[PDB]
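Only one chain comes next, encoded as structure tokens, the form deposited in one PDB entry.
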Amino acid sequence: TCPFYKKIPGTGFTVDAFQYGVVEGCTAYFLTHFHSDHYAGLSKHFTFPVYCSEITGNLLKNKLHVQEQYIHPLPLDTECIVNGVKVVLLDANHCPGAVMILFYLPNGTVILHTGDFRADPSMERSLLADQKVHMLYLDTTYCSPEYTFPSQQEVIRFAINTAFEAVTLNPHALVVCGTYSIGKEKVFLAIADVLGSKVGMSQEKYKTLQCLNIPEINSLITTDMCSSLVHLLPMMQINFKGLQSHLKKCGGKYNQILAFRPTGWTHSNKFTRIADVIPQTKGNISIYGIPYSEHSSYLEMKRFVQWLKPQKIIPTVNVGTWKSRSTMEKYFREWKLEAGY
């Protein structure tokens, strides 16, 4: 059944709750972003109101064929009334179109639902600074101190410098980047920019990217593989067998692959700096796992929460095991005693 951490008390609302059938007493279904664990259940047969960003609404219409009459896109950073309740959508610094949702309940309670987010100090100057938040529905994906990772900027600098060096040493090298969802577009777009190439991809992935309102996108991507030396493939294909196979397909245009797997966290982060990352190599194929995250590190999460000073925290991730739940509640208490709220 629908878990309690997907329901907004004092409203008829749910968040990211499309796989439970008709939720009893739900008058408006919000969707924070277009990732499959969150939209699971949506289709052209859905007939309840869906509230979301403009970008998420483009993907619902074009990818899932949700009918236009049930898509209610809202502008960001704008007070809006939904079924009698004031709400605001805020940028979540996750994937394109991802939002956090502020609910102003009739009784005076204010609730923030982060959806999935990568906490950032810039959020401390949004509409969140203007009033007290009582309850926080928090993306706790990486809520443990072992999870450190570099800035997105450091990671993109590494990728750009690696790719440009490799292709300038060997102009017959192909660059390949893995993907299995929206998000992390900076990785492949920054590499293609430095190389003076468009990114080549399947018709399905090109359609997905054309829903994202990215400026000048027609100048950066293409379905013509042959004209491109940065290719995007399913993340599943980013292994030696899959890559050897792909290289056969390019008909001797290329004699080397350099491939990127933008993972979340990996335990090489506990030891190794970004400067010191090395690839796995077999023959003329090299694969780099780069720690490009669209979720908060432990320290970024902690800073956001100690700034916001909520009265109650409800985790939305890692909630399935008692040991995970108890660990997270211990960190919450540490943060509160350290900061004095």
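All residue numbers are counted from 1 along the displayed sequence. C-alpha atoms forming the largest set that superposes within 1.5 Å between two forms make up the rigid core.
Stretch comparison, 211 to 219 versus 161 to 169: after rigid core superposition, larger RMS CA deviation in 9 other deposited structures of this protein is found for 211 to 219. The deposited model assigns a higher average Cα B-factor to 237 to 245 than to the other stretch when 237 to 245 and 83 to 91 are compared. Stretches 322 to 330 and 16 to 24 differ in mean C-alpha B factor, with the higher average recorded for 16 to 24. By the numbers in the PDB entry, the CA B factor is greatest at 269 among 152, 162, 170, 269. Of the candidates 48, 298, 30, 39, the one whose C-alpha carries the top B factor in the deposited record is 48. Among the modelled residues of the chain, residue 215 sits in the highest third by CA temperature factor in this PDB entry. Sorting the modelled residues of the chain by their CA temperature factor places residue 310 in the lowest third.
In the deposited entry, the Cα temperature factor of residue 283 places it in the highest third of its chain's modelled residues. When the CA B factors of the chain's modelled residues are split into thirds, the value for residue 138 lands in the lowest one. When all modelled residues of the chain are sorted by CA temperature factor, residue 116 is found within the lowest third.
There is also a form deposited with a small molecule bound; it is not shown, and the following applies to it.
Contact with the small molecule in the entry with it bound, judged by any heavy atom within 4.5 Å, is made by just one of 66, 50, 59, 287: 287. Checked against the small molecule in the entry with it bound, the residues 246, 205, 231, 261 give one hit for a heavy atom within 4.5 Å, which is 261. Mapping the unseen interface onto this chain, residue 174 falls outside it, with no heavy atom inside 4.5 Å of the small molecule in the entry with it bound. For the chain shown alone, residue 239 is a contact residue for the small molecule in the entry with it bound, at least one non-hydrogen atom being within 4.5 angstroms.
A residue is said to contact a partner when one of its heavy atoms sits within 4.5 Å of a partner heavy atom; residue 282 meets this definition for the small molecule in the entry with it bound. From the list 78 to 86, 261 to 269, 153 to 161, 195 to 203, the contact stretch for the small molecule in the entry with it bound under a 4.5 Å heavy atom rule is 261 to 269.
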